[PDB]
Amino acid sequence: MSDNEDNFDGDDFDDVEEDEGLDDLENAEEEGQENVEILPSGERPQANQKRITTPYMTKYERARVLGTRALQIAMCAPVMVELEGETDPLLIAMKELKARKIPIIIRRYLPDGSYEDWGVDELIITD
């Protein structure tokens, strides 16, 4: 009946519980390090670059994609599913991967001192 918490600081371990995932991203891995840009597929036979981007895009390029698609598409949809009839925060960025079509190029730069561009027009999609 009258049982409440005395305060909110019994020790020095009650300030680490801020999680902002979504539908299946509970601080699992997300470990990486590559500046990644996003753009509509573009295997331009002229900007053939190279450096470290494994000839196979990596879920982040697609995870930045989904996020940068989720907003571009949240407007209409550069996506390949609901071009202008949908704008969900990521159904499209999901559907696009869920489709594994990921028709888009991504730039994996390197905060280390390098960079490479391409995505699904020259290599893999999310995986």
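See the structure printed just above.
Residue labels used throughout are counted from 1 along each chain in written sequence order rather than taken from the entry, whose numbering may differ, and residues without coordinates are not included. Note: side-chain values were computed over all heavy atoms of the structure, leaving out hydrogens and water.

(A) Fine view of the pattern of salt bridges. By definition here, a salt bridge exists when the distance from a side-chain nitrogen of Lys or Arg to a carboxyl oxygen of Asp or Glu is within 4 Å. Across all of its chains, the model carries four salt bridges by this definition. The closest approach of N and O atoms between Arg-69 and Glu-96, which form a salt bridge, is 2.6 Å. Taken together, the positions of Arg-69 in helix 1 (residues 59-75) and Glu-96 in helix 2 (residues 91-99) put the pair 27 residues apart, joining distant regions of the chain. The exposure classification of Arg-69 matches that of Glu-96, with both residues buried. For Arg-107, the salt bridge is made with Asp-117, and the minimal N-O distance between the two is 3.8 Å. Placement of the pair is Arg-107 in strand 2 (residues 104-110) and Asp-117 in strand 3 (residues 114-119), with a sequence separation of 10 residues. A run of H or I in DSSP counts as a helix once it spans at least four residues, and a run of E counts as a strand once it spans at least two, with each numbered from the N terminus. Relative accessible area decides the class of each residue, using a 1.4 Å probe on protein chains only: under 20% of the type maximum gives buried, over 50% gives exposed, and in between gives partly exposed.

(B) The arrangement of helix 2 in detail. By the burial criterion, the buried members of helix 2 are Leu-91, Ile-92, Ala-93 and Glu-96. Whether two residues are in contact is decided by their heavy atoms, any of which lying within 4.5 Å being enough. Buried residues along helix 2 sit in contact with helix 1. Backbone geometry just after helix 2 places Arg-100 at a positive phi near 70°.

(C) Region of interest: the side chain of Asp-117. Relative accessible area serves as the criterion here: at 10%, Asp-117 is assigned to the buried category. Distance and chemistry together define a polar contact, namely a pair of N or O atoms within 3.5 Å, with one atom able to donate a hydrogen and the other to accept it when in protein, and with adjacent residues in sequence counting only for side-chain atoms on both sides. Looking at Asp-117, its side chain comes within polar contact range of the side chain of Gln-49, at 2.8 Å. With residues near it in sequence (within four places) discarded, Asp-117 still touches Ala-47, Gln-49, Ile-106 and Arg-107.

(D) Region of the structure containing helix 1. Helix span, as expected, comes to 1.5 Å for every residue beyond the first. Here helix 1 is 17 residues long and its end C-alpha atoms lie 23 Å apart, about the 24 Å a rise of 1.5 Å per residue gives. Here helix 1 has its buried residues at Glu-61, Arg-62, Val-65, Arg-69, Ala-70 and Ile-73. Tucked inside the fold, the buried residues of helix 1 contact strand 1 (36-40), helix 2, strand 2 and strand 3.

(E) How the structure looks around unusual backbone geometry. A positive phi is found at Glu-30, a non-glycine position, where the angle reads about 55°. Following the sequence through the fold, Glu-30 ends up in the segment before strand 1. Of note, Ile-102 is a non-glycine position whose phi angle comes to about 30°, a positive value. Of note, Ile-102 is situated in the loop between helix 2 and strand 2.

(F) A look at a negative patch on the surface. Each patch is built from residues lacking any salt bridge and having more than 30% relative accessible area; the joining distance is 9 Å for like charges and 5 Å for nonpolar side chains (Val, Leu, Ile, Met, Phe, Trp, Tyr). Method for areas: the Shrake-Rupley scheme with a 1.4 Å probe, in which residue coverage is limited to the protein chains shown. We treat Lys and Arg as the positive residues and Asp and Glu as the negative residues; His and chain ends play no part in the count. Positions of charges follow a simple convention, taking NZ of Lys, CZ of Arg, CG of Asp or CD of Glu. Taken together, the side chains of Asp-9, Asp-11, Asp-12, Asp-14, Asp-15, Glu-17, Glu-18, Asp-19, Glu-20, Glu-26 and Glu-30 present a region of like negative charge at the surface. Its place among the elements puts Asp-14 in the segment before strand 1.

(G) Main features of the nonpolar core. To form a nonpolar core, buried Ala, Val, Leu, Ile, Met, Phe, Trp, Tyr and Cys residues must be joined to one another through side-chain atoms within 4.5 Å. Ranked by size, the top nonpolar core spans 11 residues in total: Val-36, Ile-38, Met-57, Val-65, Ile-102, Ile-104, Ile-105, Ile-106, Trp-118, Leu-123 and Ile-125. Contributing elements (two or more residues each) for this core: strand 1 and strand 2. It is strand 2 that contributes the most residues to this core, three residues altogether. Aside from chain neighbours lying at most four places away, what touches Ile-125 is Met-57, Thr-58, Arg-62, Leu-97, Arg-100, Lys-101, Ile-102, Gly-119 and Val-120.

The quantities given are spatial measurements derived from coordinates; they are silent on function.
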